[PDB]
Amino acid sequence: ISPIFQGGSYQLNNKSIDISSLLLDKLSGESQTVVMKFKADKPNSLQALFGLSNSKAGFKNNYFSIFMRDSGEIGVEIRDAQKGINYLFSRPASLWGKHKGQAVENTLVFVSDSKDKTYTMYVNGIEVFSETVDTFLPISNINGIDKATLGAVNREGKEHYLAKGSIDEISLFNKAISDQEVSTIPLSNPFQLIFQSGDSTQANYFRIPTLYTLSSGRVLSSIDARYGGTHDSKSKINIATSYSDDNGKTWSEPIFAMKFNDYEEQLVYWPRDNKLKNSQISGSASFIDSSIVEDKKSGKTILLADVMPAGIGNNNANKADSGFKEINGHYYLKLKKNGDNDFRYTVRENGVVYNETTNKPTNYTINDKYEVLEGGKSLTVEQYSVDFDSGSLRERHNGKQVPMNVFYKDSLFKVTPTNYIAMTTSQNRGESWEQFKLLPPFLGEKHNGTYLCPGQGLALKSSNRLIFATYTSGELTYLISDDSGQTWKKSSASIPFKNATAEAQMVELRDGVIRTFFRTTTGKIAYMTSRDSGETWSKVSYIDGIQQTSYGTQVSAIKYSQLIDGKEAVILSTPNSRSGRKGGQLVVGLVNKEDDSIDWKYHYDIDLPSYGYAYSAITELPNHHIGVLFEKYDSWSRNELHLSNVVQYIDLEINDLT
């Protein structure tokens, strides 16, 4: 198809450009498509890119517009006062502003389809909304339109929503172009997707990204594949992984490192209205917060994540119970059988389900996948699916059988409703993952487990020592292994907080010397120091020059291999903002070789101070570039729940940072 109108090189400098005589007479029929390539690295709070209005006195609410906010939200308005119609559709965090100090060219595609009565918006290849209405308003059937405008909406003779920016190109079609056609429009994206809606995870949402560079040169990533919107556990969440063999240019189709099957892998468009957005999957088991390390000695890749039984998250996780019974030095997983009100069973050697009350074994065994067998026969439960068909969240049996697992709601034998940690290993650098195994309790039998710090474990350069950071109330608890993750010991380091989400990431400043950076409740990122390979830990200090909110955000951190200005370098990834999760930065720190203090010398803006930046992952790619995988939105904001494809990957070089 061909355009009815096309223009470009429009500078939007707080002054509207009139294009009425060019466009209005060309509009015909009830379906239209807009394609607009535009930049805005210093937008006003609220600004219209494009407008069709009745500019006459007494019709200030008769217009169509495509507008954006300085938060990076995109939307349209479709209004006609005679018709009684006031459509307003939008999605937060749809835009890029700057990248490597250069305004990004956004590609916007808006489709107004009268046949299907749907309004659809894409930005940079990604569908951001699609709204069906009972009563369709085509964008030029608005009563009395007489202006077509760029960089404002002409209301009653005046410029409303003045835009700052530029439109390199704008095209208009008297047709609703097809989805397949939309995907043929070329893009200028500064980012890539590794995990996306519609891939092999069938999750519509993703949180909690990780990156780690393996010795073979392959770069691995893990992530929460979140099914029930972007909600933390309780929910359905699996841990998925992908890898790149070409320095981050291409990424393998994701597989699962940890997954439960009590609930279907449904790709669900989660409600974003205030009435329904807190809908949360309540009967599913899940995984959350993964962390990756590589073991030199074995060559194994090791991944840990939190494991939640059906309906459990960090708020209802049975505190005061580890879920294991200690029997003369040995920890055994406890089980409750349906019909008993207490936990009478333990899983002993070879998965034998042993009755602690009668002190006899039963005919039941637990296998390697934590599945229940009776006399060697595999038991099953029926799977659940979720839907919103009835106007509220419904979780129901879908007709198919899956292996009965002790983490499931329907299981004959059930684990303690608390938080667990599990590890899986890969022998082929992420091509496949072993069945996970739970880690033993570290803080005693009558105490609920810690929570894993998402991101990277630490492989000490000059030994076989492996360290994963985890947190609980009042301390970081480091998990330490010197035998390839076969056995773990804990090392406790006290922090001056109660009940924090103390997400910690580590770097080795030099051999045996670990600095850990962690999230606090103070508005500042903290750090502590070990000088004996994590055996003991210094008191807590704080970084000046970076701000977080009172609730904080995960921070990622690496030891960079090459000197910068002749010094050893550390790199931190974090929002820099006291207001929200926005203002993303990579911060470059040079180590004082004399005292291990760190000079935070360069702050690189990922995008606009007002555009969202949340949890993140950094790794030095083999070519010495920097790989960044991050939540490109405010993942705390209750206004920005359940956005698709906002976890993005970019490639930077040190020269870009400085």
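Each residue number is its position in the shown sequence, starting from 1.
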Between 156 to 164 and 284 to 292 (mean CA B-factor, as deposited), the higher: 156 to 164
Greater mean Cα temperature factor according to the PDB record, 10 to 18 or 642 to 650: 10 to 18
Among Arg581, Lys234, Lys277, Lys360 - the residue whose C-alpha B-factor is largest in the record: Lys360
Out of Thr120, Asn124, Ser378, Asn204, residue topping the C-alpha B-factor column of the entry: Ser378
Chain-relative CA temperature factor third for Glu77: middle
Ranked C-alpha temperature factor of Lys437 among modelled chain residues, by third: middle
Third of the chain's Cα B-factor distribution that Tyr420 belongs to, per the entry: middle
Record-listed C-alpha B factor of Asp605: chain third: middle
Entry-reported Cα temperature factor of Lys60, expressed as the chain third it lands in: middle
